[PDB]
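Please read the structure below before turning to the comments.
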Amino acid sequence: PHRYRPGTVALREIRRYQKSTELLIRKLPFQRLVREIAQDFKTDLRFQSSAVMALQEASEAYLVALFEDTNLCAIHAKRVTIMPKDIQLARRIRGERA
DNA sequence: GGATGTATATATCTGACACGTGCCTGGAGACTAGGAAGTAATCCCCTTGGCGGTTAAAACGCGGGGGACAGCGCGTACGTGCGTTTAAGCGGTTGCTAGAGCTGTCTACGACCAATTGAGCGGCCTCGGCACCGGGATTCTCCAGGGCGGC
């Protein structure tokens, strides 16, 4: 049985997804999440498709930058695995948390 | 002798160039008012190079121990791969409504201007409170007289 060591597939996915440009979250679950979040502010909200796409592109941009700073936090703590405390430290230093 | 590889010619697809048209927005020409450049005066802050004295911060050295880092073990939790499920993605129905765009009318609301005056800025006088000076009441230290002992 052919197997790969743990990590080279991860490097292959890092090289693959840093070359690509499409969105990594599916359209309908993100649209459902947007509509659920929006119905807590105003009832009976319609949505343009480009509004959902702009919200999506902003969301993947924010999460990719957050994961970059999370990886920097994990590397600074002499680790290769990211932890929730790395996300908390990144948001704390960035100023979003506190 | 038959079929296969390859060259040249012809029809078709597709991005790009030029022609046409509207229209509306930018440009040309003229006029005017005020924004800003320039000028003079006054006054206060900043610059550069000094001096003097205080003093607390900065620097230096040294001992020691707390903490950073390296190494090792271990166990668990995440990566990897496969089979199965499931839901995303696409195409589709069917009506109604929201919204952009366009046109039209009108009315209340805000710009604008003149006269007015009352709220904001500065100084002056006074009070509330804190402090300086004079006088009365209370308590502490001291000098002298009386009595006792010794030669």
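Positions of Cβ are backbone-derived with ideal geometry, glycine not excepted, and every protein chain shown enters the neighbour counts. No value in this document is a laboratory result; all are computed from the given coordinates.
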Tell me the label-point distance for the pair residue A:14, residue A:32, using the 7 Å Cα-to-Cβ offset, in nm and rounded to one decimal.
-> 3.3
Rank A:22, A:13, A:68 by mean-square fluctuation in a GNM of chain A with C-alpha springs under 10 angstrom and give only the top-ranked residue.
-> A:13
Enumerate the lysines that residue A:27 could reach by cross-link, defined here as Cα to Cα under 29 Å, with residues fewer than 8 away along the same chain left out.
-> A:19, A:42
Against the longest alpha carbon principal axis of chain A, how many degrees, from 0 to 90 and to the nearest 10, is the axis of helix A:84-94 turned?
-> 70
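When A:69, A:44 are ordered from fewest to most other Cβ atoms inside 10 Å of their Cβ, what list results? Working shown, then result.
Values: A:69 16, A:44 5.
Least crowded to most crowded, the residues run A:44, A:69.
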Just how large is the dipole of chain A about the Cα centre, in debye to the nearest 20, putting +1 at every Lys and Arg Cβ and -1 at every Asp and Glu Cβ?
-> 460
Computed FRET efficiency, Cβ-Cβ of residue A:98 and residue A:59, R0 22 Å: what is it to the nearest 0.05?
-> 0.50
Helix A:49-76 axis, angle to chain A major axis (alpha carbon atoms, nearest 10°) = 30
Which whole-number percentage describes the relative contact order of chain A, with Cα contacts under 8 Å and a sequence gap of 6 or more?
-> 17
Degrees between helix A:8-17 axis and first principal axis of chain A (Cα, 0 to 90, nearest 10) | 40
